[PDB]
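In what follows, a structure is listed as structure tokens, so that the remarks can point back to it.
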Amino acid sequence: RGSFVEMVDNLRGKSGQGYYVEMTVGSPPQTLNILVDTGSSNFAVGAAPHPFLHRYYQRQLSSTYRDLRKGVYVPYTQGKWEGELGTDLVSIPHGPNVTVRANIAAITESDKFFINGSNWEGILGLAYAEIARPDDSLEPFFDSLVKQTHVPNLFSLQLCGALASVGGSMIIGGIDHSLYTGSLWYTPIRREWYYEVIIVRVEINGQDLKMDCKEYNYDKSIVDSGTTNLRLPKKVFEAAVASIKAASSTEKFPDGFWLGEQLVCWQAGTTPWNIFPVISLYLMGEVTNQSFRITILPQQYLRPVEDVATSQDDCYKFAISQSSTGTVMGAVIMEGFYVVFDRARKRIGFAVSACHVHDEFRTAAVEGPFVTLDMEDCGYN
Ligand SMILES: CCOc1ccc(C(=O)Nc2ccc(F)c([C@@]3(C)N=C(N)OCC3(F)F)c2)nc1
Ligand code: NA
Ligand code: NA
């Protein structure tokens, strides 16, 4: 409990391509890099020589592979994958010292799923059986892990943002206290499908947006390591952009910047971080009428875009975007914080991440308690 030196720094990635962990599947073990995704529930790996993939799962080489004789077709908003279901032995080399027999979807056809130039070749869905494909009887990886071993039913994620390499830690079965400063504050998991939570108040530079709080969770809010942006429901995004624009008035930007339709660039070394406001989300706390708040910086929500082969300078993408699927606390929130997915107690903890990017005027923050009434009304039904 509290100290997991073998798992610290077991995540890697490149800016904008996600965080992956090394895993092995089959006997003898086949090594694969697997995207860590708290916003889905399937363990699905490339199983055929797609030209973007460095490595793929070759079932015919595993003596422990069992075929489930069932296909799975999974369409997303953009892109899709299709695969064949099976189970095999799975390990995490920089994880606990155990082997699990787990469901795997061997991906045999996909479209817009794998990223050209990325170093991962499958996805580890860490959320619950209820959003598993094809249905909730396909047991997710983490549930198999907790059933078959003595690993405690929680994991924690420290995502450290930055061609450029990102890194992080996924502590499986526990919390490592060197990964955060101050205290952890916990918000209830409202329902176990996504890691769904409830936002009770939103402030821009300390100014309340003053919306009905059910607008903040329309139709859900979730914590998702497999999404880059802070996504906000359309109505909330309009109000939030309007405050942000007002708060940073000392400079003007094309409208398209705020919509993610164009980048903005300044000369190297001179990003004026200080004209942009902090953003605070208050979350439902553990006790009636009690909330706490997490605050991120422009260093989290203005993301550097390295590969602009038609510019000299320092270009950034605005990484807060409008959503129709509810609020998504993606890598933009999570790179501020050490986040604890405490499934045994159905709660999610946040603490200031010991690695988050900041400057000498401001820092990400997790603070409470605050008195907030009517937090139950904030959930959408
Ligand atoms: C800081 C960068 O963070 C990231 C960058 C890229 C990526 C990435 O490619 N994610 C990614 C790729 C394919 C995919 F299928 C998914 C799914 C299943 N999972 C989530 N939660 O949302 C989109 C999705 F439902 F389709 C995510 N993720 C995080
Ligand atoms: Na057990
Ligand atoms: Na600590």
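All of the numbers you see were taken from the coordinates with simple rules; none came from a lab.
For the reader, a short list of remarks on this structure follows.
- In the chain, the calculated helix contribution to ellipticity at 222 nm averages -2000 deg cm²/dmol per residue, counting -39,500 (n - 2.57) for every DSSP H run with n ≥ 4.
- In the frame of its principal axes, region 230-376 has Cα extents of 51, 33, 26 Å, reported largest first.
- Among beta bridges from DSSP that stay inside region 213-325, the antiparallel ones total about 75%.
- Where only C-alpha atoms are counted, convex hull volume of region 19-151 per residue in Å³: 103
- Total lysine pairs whose alpha carbons fall under 20 Å of each other in the chain (8 or more apart, or interchain): 19
- Across the alpha-carbon atoms of the chain, the computed radius of gyration and Dmax are 20.6, 65 angstrom.
- Where the alpha-carbon atoms of region 109-165 are placed on the principal axes, they occupy 39, 30, 16 Å, in descending order.
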